[PDB]
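Breakdown of the fold
As a plain string of letters, each chain reads:
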Amino acid sequence: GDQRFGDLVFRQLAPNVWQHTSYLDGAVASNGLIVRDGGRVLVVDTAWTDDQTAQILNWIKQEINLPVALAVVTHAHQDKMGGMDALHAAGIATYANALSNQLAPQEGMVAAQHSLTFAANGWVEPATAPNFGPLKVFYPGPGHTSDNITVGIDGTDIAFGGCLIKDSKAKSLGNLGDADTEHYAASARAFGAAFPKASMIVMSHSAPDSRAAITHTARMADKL
Ligand SMILES: [Zn+2]
């Protein structure tokens with residue numbers, strides 16, 4: 001069920017949801033999501049590079065042929081925001097956690113055009129997420145990074161944990177270079193409680209897993 005398109009891989013997860021995969025030299029896969037929402041397409045996370053992200057837009061044109069209305073990126077690291085220039089070059093509205101945009105220059109990333117803010121319970125302030133359609137954005141607390149956000153896909157059983165969640169076979173939570181080791185466990189559990197009926201957990205560096213990914217990640221995080 002994987003489709004190769006240039007050096008990227010695309011996998012349909014649901015009638016209106018695909019996983020995009022891009023590689024950086026070993027070679028490390030990074031996953032994001034593409035969502036068809038009526039007459040438009042919404043993207044979650046860039047590829048590692050601008051050139052790879054441009055190929056995401058090419059694949060969408062070929063396979064979906066609907067305009068990309070917006071992209072949301074899940075934190076200020078290269079695997080999630082390394083392709084911001086391809087989106088901006090294409091006139092696509094881009095959204096990140098305000099803190100991701102504030103950190104972007106120090107992380108060597110281009111800031112998104114728009115900033116998300118969050119309630120004290122982690123849910124996005126809806127005024128800051130205009131026309132997000134099925135994308136339900138939740139800030140679970142600091143973990144992989146202080147700015148990491150997560151996205152549920154309304155109308156589906158899918159939730160995206162980005163780099164916060166690792167699969168149930170993971171031997172480590174790496175990369176922990178920018179991690180909050182105190183709050184990581186609670187943040188992983190918060191993601192599970194925010195999307196309590198999601199059965200397909202999509203994550204940055206593993207194929208989709210069951211909810212065991214969340215509990216397993218939280219238990220590894222408890223050891224930090
Ligand atoms: Zn990261």
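Residues numbered from 1 in each chain as written, not as in the entry; some residues may be left out. Heavy atoms only, no water.

Deposited coordinates in this entry are attributed by the record to X-ray crystallography, at a stated resolution of 1.6000 Å.

As a reminder, the rule being used: UniProt positions are given in the numbering used here, feature names are shortened, and annotations may be inferred rather than shown by experiment.
As annotated in the PDB entry, the chain carries the name BlaNDM-4_1_JQ348841 and is attributed to Klebsiella pneumoniae. Quoted verbatim from the Catalytic activity (unreviewed entry) field of the UniProt record, the comment on the chain reads "a beta-lactam + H2O = a substituted beta-amino acid". As stated in UniProt under Sequence similarities (unreviewed entry), the record for the chain gives "Belongs to the metallo-beta-lactamase superfamily. Class-B beta-lactamase family."

1. Points about the coordination of the zinc ion
Condition: For Na, K and Ca the donor cut-off is 3.2 Å, while for other metals it is 2.8 Å, and in both cases only N, O and S atoms qualify; water is not among them, so sites may look incomplete. Strands are runs of DSSP state E lasting at least 2 residues, helices are runs of H or I lasting at least 4, and numbering of each runs from the N terminus. Think of it in three bands: residues with accessible area under 20% of the maximum for their type are buried, residues over 50% are exposed, and the middle band is partly exposed, with areas taken using a 1.4 Å probe on protein chains only.
Looking at the metal site, the zinc ion is ligated by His-77 (ND1) and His-144 (NE2), spaced 2.0 Å from it. Of the two residues, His-77 sits in the loop between β6 (68-73) and α2 (78-81) while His-144 sits in the loop between β9 (135-138) and β10 (150-153), which places them 67 residues apart along the sequence. Residue classification places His-77 among the buried residues on the basis of a relative accessible area of 11%.

2. Some details on the packing of aromatic side chains
Short version of the rule: Pairing of aromatic side chains requires ring centres within 6.5 Å, counting the rings of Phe and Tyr and the six-membered ring of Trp. Pairs whose planes differ by under 30 degrees are stacked, by over 60 edge-to-face, and all others tilted. Note on criteria: charge over ring means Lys NZ or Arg CZ within 6 Å of the ring centre, with the direction from the centre no more than 35 degrees off the ring normal.
In this structure the tally under the stated criterion is nine aromatic pairs. When the centroid spacing of 6.1 Å and the interplanar angle of 80° are considered together, the rings of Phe-138 and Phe-195 count as edge-to-face. Here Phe-195 lies in the loop between α5 (184-194) and β12 (200-203) and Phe-138 lies in strand β9, a separation of 57 residues in the sequence. Its relative accessible area of 4% is what places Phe-138 among the buried residues. Pairwise contacts between aromatic rings join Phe-5, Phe-10, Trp-18 and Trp-59 into one cluster. Lying across the ring of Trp-123, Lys-136 places its NZ or CZ 4.6 Å from the centre.

3. Here's the deal with the sheet that holds strand β11 (residues 158-162)
Strand pairs in the sheet, formed through backbone hydrogen bonds, run parallel or antiparallel to each other. Inclusion rule: Strands were regarded as paired on the criterion that DSSP finds at least two bridges between them. Angular values range over 0 to 180 degrees, each being the angle between N-to-C directions of two axes fitted as lines to C-alpha atoms, with helices fitted over their stretch in contact.
Spatial ordering of the open sheet is given by β9-β10-β11-β12-β13, a layout of five strands whose pairing is mixed. Whereas interior strands pair on both sides, the edge strands pair on one side only; in this sheet they are β9 and β13 (206-209). Neighbour to neighbour, the strand axes of the sheet diverge by 25° on average, direction disregarded. Two strands pair when backbone bridges link them, and β9 and β10 are joined in this way by four bridges, in the antiparallel orientation. Along β10, the bridge assignment pairs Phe-138 with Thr-150.

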